[PDB]
Amino acid sequence: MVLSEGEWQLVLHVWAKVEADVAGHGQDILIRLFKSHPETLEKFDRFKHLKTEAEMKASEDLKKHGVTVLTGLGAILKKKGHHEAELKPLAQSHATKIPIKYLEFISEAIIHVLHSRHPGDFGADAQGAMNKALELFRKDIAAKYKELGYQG
Ligand SMILES: Cc1cccc(/C=N/c2ccccc2/N=C/c2cccc(C)c2O)c1O
Ligand SMILES: [Cr+3]
């Protein structure tokens, strides 16, 4: 997978907006993920019993994880593909098990929330670029998974 500098700028331009409210975007993304694919919530022993969106919105553990996710992903995206240093530790956290299928689910949630919150600028071009960036992310982290003996 390869993105042009222009495509990377579309990704970083929308991410700058995410950075204006990391906690909020994080809550929206995780809630979308958990409601769409409930099995993913089972991976979090600290808040796997949350059910209503109200409870999810009031959860500090969920909010903190959302911030962790967006902060880490933001660092990865800013590397514009040269993210080996960032994927190594993340693979450690995900493969010692978060399957590729779950990464696809959260990628879908990210695209959905970005479009919902920034429809004026997050169009087909930006969505396509973000999709490529997340696809690259999943492909490369899968490689890291395999180095640890996990197929994902
Ligand atoms: C996508 C992404 C970007 C940056 C950071 C993370 C961190 N993930 C985790 C870190 C520590 C422990 C668990 C993590 N991920 C848990 C997880 C659970 C269900 C579904 C998905 C999909 C997950 O990534 C992350 O998942
Ligand atoms: Cr994770």
# chains A, B, ... in the order shown; residues from 1 in each chain; ligands from 1

call {"tool": "residues_around", "arguments": {"residues": "residue 97 (chain A)", "least_positions_apart": "2", "cutoff": "9 Å", "atoms": "only C-alpha atoms", "output": "PyMOL selection string"}}
result
chain A and resi 43+93-95+99+150+152

call {"tool": "residues_around", "arguments": {"residues": "residue 24 (chain A)", "least_positions_apart": "5", "cutoff": "9 Å", "atoms": "only C-alpha atoms", "output": "list in words"}}
result
residues 18, 29, 63, 66 and 67 of chain A

call {"tool": "write_last_selection", "arguments": {"atoms": "C-alpha atoms", "output": "PDB file, in the first residue's frame"}}
result
ATOM      1  CA  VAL A  18      -9.846  14.745  15.878  1.00  0.00           C
ATOM      2  CA  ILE A  29     -15.464   5.377  18.140  1.00  0.00           C
ATOM      3  CA  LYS A  63     -12.812   7.192  27.925  1.00  0.00           C
ATOM      4  CA  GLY A  66     -10.311   5.899  23.675  1.00  0.00           C
ATOM      5  CA  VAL A  67      -7.688   8.562  24.330  1.00  0.00           C
TER       6      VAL A  67
END

call {"tool": "residues_around", "arguments": {"residues": "residue 133 (chain A)", "least_positions_apart": "6", "cutoff": "8 Å", "atoms": "only C-alpha atoms", "output": "ChimeraX atom specification"}}
result
/A:3,8,11,77,81

call {"tool": "write_last_selection", "arguments": {"atoms": "C-alpha atoms", "output": "short mmCIF file (atom, residue, chain, number, x, y, z; two decimals), in the first residue's frame"}}
result
data_model
loop_
_atom_site.label_atom_id
_atom_site.label_comp_id
_atom_site.auth_asym_id
_atom_site.auth_seq_id
_atom_site.Cartn_x
_atom_site.Cartn_y
_atom_site.Cartn_z
CA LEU A 3 -0.30 6.93 -0.29
CA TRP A 8 -1.34 11.74 3.65
CA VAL A 11 -5.45 12.12 6.55
CA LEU A 77 -0.50 8.28 10.99
CA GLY A 81 3.88 4.84 6.64
#

call {"tool": "closest_atom_pairs", "arguments": {"of": "region 54-107 of chain A", "to": "region 25-28 of chain A", "cutoff": "12 Å", "atoms": "only C-alpha atoms", "output": "JSON lines"}}
result
{"residue": "A:54", "atom": "CA", "partner": "A:27", "partner_atom": "CA", "distance": 11.1}
{"residue": "A:55", "atom": "CA", "partner": "A:27", "partner_atom": "CA", "distance": 11.3}
{"residue": "A:56", "atom": "CA", "partner": "A:27", "partner_atom": "CA", "distance": 7.9}
{"residue": "A:57", "atom": "CA", "partner": "A:27", "partner_atom": "CA", "distance": 6.7}
{"residue": "A:58", "atom": "CA", "partner": "A:27", "partner_atom": "CA", "distance": 9.6}
{"residue": "A:59", "atom": "CA", "partner": "A:27", "partner_atom": "CA", "distance": 9.3}
{"residue": "A:60", "atom": "CA", "partner": "A:27", "partner_atom": "CA", "distance": 10.0}
{"residue": "A:61", "atom": "CA", "partner": "A:27", "partner_atom": "CA", "distance": 10.4}
{"residue": "A:62", "atom": "CA", "partner": "A:27", "partner_atom": "CA", "distance": 7.0}
{"residue": "A:63", "atom": "CA", "partner": "A:27", "partner_atom": "CA", "distance": 5.7}
{"residue": "A:64", "atom": "CA", "partner": "A:26", "partner_atom": "CA", "distance": 8.5}
{"residue": "A:65", "atom": "CA", "partner": "A:26", "partner_atom": "CA", "distance": 7.8}
{"residue": "A:66", "atom": "CA", "partner": "A:26", "partner_atom": "CA", "distance": 4.0}
{"residue": "A:67", "atom": "CA", "partner": "A:26", "partner_atom": "CA", "distance": 5.7}
{"residue": "A:68", "atom": "CA", "partner": "A:26", "partner_atom": "CA", "distance": 8.5}
{"residue": "A:69", "atom": "CA", "partner": "A:26", "partner_atom": "CA", "distance": 7.4}
{"residue": "A:70", "atom": "CA", "partner": "A:26", "partner_atom": "CA", "distance": 6.4}
{"residue": "A:71", "atom": "CA", "partner": "A:26", "partner_atom": "CA", "distance": 9.5}
{"residue": "A:72", "atom": "CA", "partner": "A:26", "partner_atom": "CA", "distance": 11.6}
{"residue": "A:73", "atom": "CA", "partner": "A:26", "partner_atom": "CA", "distance": 11.1}
{"residue": "A:74", "atom": "CA", "partner": "A:26", "partner_atom": "CA", "distance": 11.8}
{"residue": "A:106", "atom": "CA", "partner": "A:26", "partner_atom": "CA", "distance": 10.8}

call {"tool": "write_last_selection", "arguments": {"atoms": "N, CA, C and O atoms", "output": "mmCIF file, in the first residue's frame"}}
result
data_model
loop_
_atom_site.group_PDB
_atom_site.id
_atom_site.type_symbol
_atom_site.label_atom_id
_atom_site.label_comp_id
_atom_site.auth_asym_id
_atom_site.auth_seq_id
_atom_site.Cartn_x
_atom_site.Cartn_y
_atom_site.Cartn_z
ATOM 1 N N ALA A 54 -25.353 5.423 27.649
ATOM 2 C CA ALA A 54 -25.226 6.335 28.779
ATOM 3 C C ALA A 54 -24.110 5.857 29.703
ATOM 4 O O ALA A 54 -23.260 6.643 30.124
ATOM 5 N N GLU A 55 -24.121 4.566 30.018
ATOM 6 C CA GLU A 55 -23.096 3.992 30.883
ATOM 7 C C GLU A 55 -21.739 4.093 30.203
ATOM 8 O O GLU A 55 -20.738 4.421 30.839
ATOM 9 N N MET A 56 -21.711 3.813 28.904
ATOM 10 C CA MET A 56 -20.465 3.878 28.155
ATOM 11 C C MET A 56 -19.904 5.293 28.134
ATOM 12 O O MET A 56 -18.694 5.481 28.233
ATOM 13 N N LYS A 57 -20.782 6.286 28.013
ATOM 14 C CA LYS A 57 -20.354 7.681 28.001
ATOM 15 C C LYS A 57 -19.852 8.144 29.370
ATOM 16 O O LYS A 57 -19.022 9.051 29.461
ATOM 17 N N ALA A 58 -20.346 7.519 30.430
ATOM 18 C CA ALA A 58 -19.948 7.898 31.782
ATOM 19 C C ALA A 58 -18.733 7.130 32.297
ATOM 20 O O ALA A 58 -18.171 7.479 33.336
ATOM 21 N N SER A 59 -18.326 6.095 31.567
ATOM 22 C CA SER A 59 -17.191 5.270 31.969
ATOM 23 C C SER A 59 -15.832 5.929 31.795
ATOM 24 O O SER A 59 -15.470 6.345 30.695
ATOM 25 N N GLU A 60 -15.078 6.012 32.884
ATOM 26 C CA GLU A 60 -13.747 6.595 32.829
ATOM 27 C C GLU A 60 -12.777 5.629 32.159
ATOM 28 O O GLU A 60 -11.890 6.049 31.415
ATOM 29 N N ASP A 61 -12.941 4.332 32.408
ATOM 30 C CA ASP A 61 -12.049 3.361 31.786
ATOM 31 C C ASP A 61 -12.193 3.386 30.270
ATOM 32 O O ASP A 61 -11.200 3.318 29.545
ATOM 33 N N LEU A 62 -13.428 3.479 29.786
ATOM 34 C CA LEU A 62 -13.649 3.503 28.345
ATOM 35 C C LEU A 62 -13.063 4.779 27.753
ATOM 36 O O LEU A 62 -12.365 4.737 26.739
ATOM 37 N N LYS A 63 -13.322 5.911 28.402
ATOM 38 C CA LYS A 63 -12.812 7.192 27.925
ATOM 39 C C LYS A 63 -11.288 7.189 27.859
ATOM 40 O O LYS A 63 -10.698 7.662 26.884
ATOM 41 N N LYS A 64 -10.650 6.658 28.897
ATOM 42 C CA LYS A 64 -9.194 6.599 28.934
ATOM 43 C C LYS A 64 -8.649 5.733 27.801
ATOM 44 O O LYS A 64 -7.645 6.083 27.178
ATOM 45 N N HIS A 65 -9.308 4.611 27.514
ATOM 46 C CA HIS A 65 -8.825 3.760 26.435
ATOM 47 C C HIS A 65 -8.990 4.449 25.086
ATOM 48 O O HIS A 65 -8.145 4.305 24.208
ATOM 49 N N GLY A 66 -10.082 5.192 24.925
ATOM 50 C CA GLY A 66 -10.311 5.899 23.675
ATOM 51 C C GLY A 66 -9.188 6.886 23.415
ATOM 52 O O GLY A 66 -8.705 7.007 22.290
ATOM 53 N N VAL A 67 -8.770 7.594 24.457
ATOM 54 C CA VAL A 67 -7.688 8.562 24.330
ATOM 55 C C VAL A 67 -6.378 7.851 23.991
ATOM 56 O O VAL A 67 -5.592 8.326 23.171
ATOM 57 N N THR A 68 -6.147 6.705 24.619
ATOM 58 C CA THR A 68 -4.934 5.936 24.366
ATOM 59 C C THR A 68 -4.889 5.503 22.906
ATOM 60 O O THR A 68 -3.860 5.620 22.236
ATOM 61 N N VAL A 69 -6.017 5.004 22.416
ATOM 62 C CA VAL A 69 -6.104 4.554 21.038
ATOM 63 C C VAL A 69 -5.859 5.682 20.043
ATOM 64 O O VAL A 69 -5.010 5.567 19.160
ATOM 65 N N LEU A 70 -6.592 6.779 20.182
ATOM 66 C CA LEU A 70 -6.424 7.875 19.239
ATOM 67 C C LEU A 70 -5.049 8.531 19.319
ATOM 68 O O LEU A 70 -4.518 8.980 18.302
ATOM 69 N N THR A 71 -4.470 8.581 20.513
ATOM 70 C CA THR A 71 -3.143 9.167 20.670
ATOM 71 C C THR A 71 -2.125 8.283 19.950
ATOM 72 O O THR A 71 -1.274 8.775 19.203
ATOM 73 N N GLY A 72 -2.223 6.974 20.157
ATOM 74 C CA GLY A 72 -1.295 6.067 19.506
ATOM 75 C C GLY A 72 -1.474 6.028 17.999
ATOM 76 O O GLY A 72 -0.494 6.003 17.248
ATOM 77 N N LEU A 73 -2.724 6.014 17.548
ATOM 78 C CA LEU A 73 -2.997 5.982 16.117
ATOM 79 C C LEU A 73 -2.540 7.287 15.463
ATOM 80 O O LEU A 73 -2.022 7.279 14.346
ATOM 81 N N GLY A 74 -2.729 8.404 16.161
ATOM 82 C CA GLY A 74 -2.307 9.686 15.623
ATOM 83 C C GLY A 74 -0.810 9.701 15.376
ATOM 84 O O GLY A 74 -0.343 10.219 14.361
ATOM 85 N N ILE A 106 -12.709 -1.722 14.161
ATOM 86 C CA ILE A 106 -12.439 -0.386 14.676
ATOM 87 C C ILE A 106 -12.086 0.594 13.552
ATOM 88 O O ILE A 106 -12.353 1.791 13.665
#

call {"tool": "closest_residue", "arguments": {"among": "A:40, A:107, A:96, A:131", "to": "ligand 1", "atoms": "only C-alpha atoms and all ligand atoms"}}
result
A:40

call {"tool": "select_by_dssp", "arguments": {"residues": "chain A", "states": "helix (DSSP H, G or I)", "output": "MDAnalysis selection string"}}
result
chainID A and resid 5:18 22:36 38:43 53:58 60:78 84:95 100:117 124:147

call {"tool": "closest_residue", "arguments": {"among": "A:132, A:89, A:6, A:34", "to": "residue 144 (chain A)", "atoms": "only C-alpha atoms"}}
result
A:89

call {"tool": "closest_residue", "arguments": {"among": "A:88, A:51, A:32, A:17", "to": "residue 148 (chain A)", "atoms": "only C-alpha atoms"}}
result
A:88

call {"tool": "closest_residue", "arguments": {"among": "A:151, A:127, A:116, A:92", "to": "ligand 2", "atoms": "only C-alpha atoms and all ligand atoms"}}
result
A:92

call {"tool": "residues_around", "arguments": {"residues": "region 121-124 of chain A", "least_positions_apart": "3", "cutoff": "12 Å", "atoms": "only C-alpha atoms", "output": "list in words"}}
result
residues 7, 10, 11, 12, 13, 14, 15, 17, 18, 110, 111, 112, 113, 114, 115, 116, 117, 118, 127, 128, 129, 130 and 131 of chain A

call {"tool": "write_last_selection", "arguments": {"atoms": "N, CA, C and O atoms", "output": "compact mmCIF listing (two decimals), in the first residue's frame"}}
result
# COMPACT_ATOMS: atom_id res chain seq x y z
N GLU A 7 -2.44 12.55 -0.31
CA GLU A 7 -3.36 11.69 0.42
C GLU A 7 -3.03 11.71 1.91
O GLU A 7 -3.93 11.76 2.75
N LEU A 10 -4.48 14.69 3.50
CA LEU A 10 -5.92 14.63 3.74
C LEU A 10 -6.14 13.92 5.07
O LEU A 10 -7.01 14.30 5.86
N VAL A 11 -5.35 12.88 5.32
CA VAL A 11 -5.45 12.12 6.55
C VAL A 11 -5.08 12.98 7.75
O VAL A 11 -5.80 13.02 8.75
N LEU A 12 -3.95 13.67 7.66
CA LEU A 12 -3.49 14.50 8.76
C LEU A 12 -4.36 15.74 8.99
O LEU A 12 -4.46 16.23 10.12
N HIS A 13 -4.98 16.24 7.93
CA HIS A 13 -5.85 17.41 8.05
C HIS A 13 -7.08 17.04 8.87
O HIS A 13 -7.50 17.80 9.75
N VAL A 14 -7.67 15.88 8.61
CA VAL A 14 -8.84 15.49 9.38
C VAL A 14 -8.41 15.07 10.78
O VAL A 14 -9.15 15.26 11.75
N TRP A 15 -7.21 14.51 10.92
CA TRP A 15 -6.77 14.10 12.25
C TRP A 15 -6.55 15.31 13.16
O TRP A 15 -6.70 15.20 14.38
N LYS A 17 -8.44 17.72 13.35
CA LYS A 17 -9.77 18.00 13.90
C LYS A 17 -10.07 17.01 15.03
O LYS A 17 -10.66 17.37 16.04
N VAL A 18 -9.65 15.76 14.85
CA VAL A 18 -9.85 14.74 15.88
C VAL A 18 -9.12 15.21 17.14
O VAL A 18 -9.63 15.08 18.26
N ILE A 110 -13.88 4.15 13.03
CA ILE A 110 -13.15 5.40 12.88
C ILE A 110 -13.66 6.17 11.67
O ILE A 110 -13.92 7.37 11.75
N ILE A 111 -13.81 5.49 10.54
CA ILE A 111 -14.30 6.14 9.33
C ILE A 111 -15.70 6.68 9.54
O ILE A 111 -16.01 7.81 9.15
N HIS A 112 -16.56 5.88 10.18
CA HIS A 112 -17.92 6.30 10.42
C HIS A 112 -18.02 7.55 11.29
O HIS A 112 -18.76 8.48 10.97
N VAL A 113 -17.26 7.59 12.38
CA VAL A 113 -17.29 8.74 13.27
C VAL A 113 -16.70 9.99 12.63
O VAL A 113 -17.22 11.08 12.80
N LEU A 114 -15.62 9.83 11.87
CA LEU A 114 -15.02 10.98 11.21
C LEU A 114 -16.00 11.59 10.21
O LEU A 114 -16.09 12.81 10.08
N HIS A 115 -16.73 10.74 9.49
CA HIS A 115 -17.70 11.24 8.53
C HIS A 115 -18.87 11.91 9.24
O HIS A 115 -19.37 12.94 8.78
N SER A 116 -19.30 11.33 10.36
CA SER A 116 -20.42 11.88 11.12
C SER A 116 -20.11 13.24 11.72
O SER A 116 -20.95 14.14 11.70
N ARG A 117 -18.89 13.39 12.24
CA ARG A 117 -18.48 14.63 12.87
C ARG A 117 -17.86 15.68 11.95
O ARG A 117 -17.86 16.87 12.28
N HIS A 118 -17.34 15.25 10.80
CA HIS A 118 -16.70 16.19 9.88
C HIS A 118 -17.14 15.96 8.44
O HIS A 118 -16.32 15.88 7.53
N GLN A 127 -11.89 9.95 2.87
CA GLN A 127 -12.25 8.62 3.35
C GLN A 127 -11.39 7.57 2.67
O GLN A 127 -10.95 6.61 3.30
N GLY A 128 -11.16 7.75 1.37
CA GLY A 128 -10.34 6.81 0.63
C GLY A 128 -8.92 6.79 1.16
O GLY A 128 -8.32 5.73 1.32
N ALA A 129 -8.38 7.98 1.43
CA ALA A 129 -7.02 8.10 1.95
C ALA A 129 -6.93 7.48 3.35
O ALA A 129 -5.97 6.77 3.65
N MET A 130 -7.92 7.76 4.19
CA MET A 130 -7.91 7.21 5.55
C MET A 130 -8.03 5.69 5.48
O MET A 130 -7.39 4.98 6.24
N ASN A 131 -8.86 5.20 4.56
CA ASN A 131 -9.01 3.76 4.41
C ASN A 131 -7.69 3.11 4.02
O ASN A 131 -7.36 2.04 4.52
